[PDB]
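Take a look at this one chain, the form deposited in one PDB entry, written out in C-alpha cells.
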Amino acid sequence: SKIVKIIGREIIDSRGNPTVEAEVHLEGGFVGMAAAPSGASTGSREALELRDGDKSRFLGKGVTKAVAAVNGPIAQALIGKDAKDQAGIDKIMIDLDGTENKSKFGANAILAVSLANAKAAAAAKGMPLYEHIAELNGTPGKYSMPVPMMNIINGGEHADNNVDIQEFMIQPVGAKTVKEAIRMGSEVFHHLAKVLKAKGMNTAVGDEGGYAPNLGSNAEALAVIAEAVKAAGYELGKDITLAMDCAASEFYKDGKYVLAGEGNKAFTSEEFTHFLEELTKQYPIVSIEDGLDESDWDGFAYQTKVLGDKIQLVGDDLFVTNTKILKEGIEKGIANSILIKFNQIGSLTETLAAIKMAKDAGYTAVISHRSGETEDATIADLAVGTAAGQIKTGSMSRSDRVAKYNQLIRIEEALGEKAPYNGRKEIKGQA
C-alpha cells in the first residue's frame, strides 16, 4: 500500500502546549492520523522530542521544527513506500534521523508518523489498528482488554500538599469486562469528589484528571481512597486494588530517601523498601512504580527480593522504555514490570520490541499515557493488540484521558468474546 502524502501539523495538547500531529495518506484513499504526547527534550537516556525554544511563541514550546521534519525530509523519504511494512517505514525514519535518541528530527516527529502510518496501513488492510498491531506482533487474533490503573490522588511534585508519593491509583480488578472496570472507576471517582468536598478540600483536577487535595500524609491519601471505594459500594482488595507511583528520585538526596511529609525522615534504600512493605500490609497496594531512584540498582535488587514475589514493581524512570536498560535490569533481578511510553522510544516497531522483551522475561508491560496528552487514543489499540494486560491512562475525567477509555469500550464491543478481561492475574505477583 503505497504512501502518497504525509502531512505534519502543530496542534495543541491537553496542557495547552504545542505537539505534533501527522497524517499518512495511501493510494486508495486510506488515511491514518496520530499525535505525539508530551515528552522530554533534554536528557541522556530517552528518545528526545524536538522543541523550538522560540520565546516569542508558546513560551518556547513550539514544535514547528519537528513539524518541518515531518513535512520535509520524512515525507520525502517515505513517499512511494509500502505502509504495511511497519518495520521498514520505522527503519527509514530511524536511519534518516541517524541518532540513537531521535534528537535530529525529534521523537515527536518520528512517533507521530510511525503511528499514523500504522493506522493508514490497517485501513488499507480493511482492519482496525488493534488487529493490525496483533499481526505486526506475530500474534494475530491474540487480544485482551487491559486492566486499568486509574489516577485518583496526586502528591509530591504533582501537587501542593503534604503527600510524598506522586500518585495513587485504583485498579478495578473485580470487573468482568473493561466496560465494567470503567464504570467502577467512574463511580469511585465521583464518590471521592463528595468525600473530599465534605472535608472542605479542593476537587479541581490535575493534568491526569484526578484530585490533588491538601492531605497531610501518605496514610491520609490511602484512607480517603478507601472511603470513596466503600461509598461506591465496592470492596477494597476484592473489587479494587491500589497501585502507586513513588517517583522516589524526587526525594533522593546523598544516597538516602528523605520524606518531607513523613516528618522529613531520611530512609536508607533498605529502610524505604520496608516503609513501602508496611504500606502494602495496611492497604491492598499491589503495584509500586519507581519505588527507588533510577540509579539505585543495589537498592532495587533488594526491593525486588523483598517485595517482588507478591508485588508488581514497575520501572518508569528506571527503564525509560529502553530495551538496553530493561535487558540489563532483567539480568540483575531489577523490578518485574515496565511502564511503556511509546514516545520515549519513538516508533511502533521499537515499542513492540520493548513489550516483547518484558513478556519473554515474565515481566509485565503497562501501557502508559503522558502528562501532556491529546484526543488521540492509540495506546488503547496498542494495549489490546499486544495483549499487554494493563494500561495507565488517567483518572475518569478530561477527554485527554477518557478518550482512551472510550476507545477501550469500542474495542471490547467489537471483539467481544475474543478479548478477555483477565482481572487481577494480569498484575505481576497476583495469581
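Note that the rigid core is defined as the largest set of C-alphas that superpose within 1.5 Å between two forms. We number the residues from 1 along the sequence you see.
J.: Would you tell me which stretch averages the higher CA B-factor in the PDB entry, 263-271 or 195-203?
T.: Mean B over CA atoms: larger for 263-271.
J.: If you average the CA temperature factors as listed in the entry, which stretch comes out higher, 331-339 or 144-152?
T.: Mean B over CA atoms: larger for 331-339.
J.: For the listed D316, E350, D298, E208, which has the peak Cα B-factor recorded in the PDB entry?
T.: The C-alpha B-factor peaks, among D316, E350, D298, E208, at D298.
J.: Per the coordinate record, which of the options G88, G346, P172, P213 holds the highest CA temperature factor?
T.: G88 has the highest C-alpha B-factor of those listed.
J.: Place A75 in the lowest, middle or highest third of its chain's C-alpha B-factors, as listed in the PDB entry.
T.: Highest third of the chain for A75's C-alpha B-factor.
J.: For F189, return the chain-relative third of its C-alpha B-factor as stated in the PDB record: lowest, middle or highest.
T.: CA B-factor rank for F189: lowest third.
J.: Considering only modelled residues of the same chain, in which third does the CA B-factor of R410 rank: lowest, middle or highest?
T.: Tercile = lowest for this residue's CA B-factor.
J.: Taking the chain's C-alpha temperature factors as the reference, tell me which third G53 falls into: lowest, middle or highest.
T.: Highest third, going by the recorded CA B-factors of the chain.
J.: Which third, lowest, middle or highest, does the C-alpha temperature factor of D82 belong to within its own chain?
T.: Within its chain, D82 is a highest-third residue by C-alpha B-factor, going by the deposited values.
As for the form deposited in another entry, it is not shown, yet the points below apply to it.
J.: Can you tell which of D316, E350, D164, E131 moves its Cα by 2 Å or more between this form and the one not shown, with the two forms laid on the rigid core?
T.: Single hit from the list, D164.
J.: Once you line up the core, how about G29: does its CA shift reach 2 Å between this form and the one not shown?
T.: No: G29 shifts by under 2 Å between this form and the one not shown.
J.: Is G39 one of the residues whose C-alpha moves 2 Å or more between this form and the one not shown after the core fit?
T.: After core superposition, the C-alpha of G39 moves 2 Å or more between this form and the one not shown.
J.: Do you see a C-alpha shift of 2 Å or more at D90 between this form and the one not shown, with the core held fixed?
T.: Shift at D90: below 2 Å after core fit.
J.: If the C-alpha spacing of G43 and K341 moves by 3 Å or more in the other entry, is that a move closer or farther apart?
T.: Between the C-alphas of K341 and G43, the gap narrows in the other entry (3 Å or more compared with this form).
J.: Note whether the distance between the C-alpha atoms of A365 and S41 decreases (closer) or increases (farther) in the other entry, against the displayed form; the change is 3 Å or more.
T.: Closer together, by at least 3 Å.
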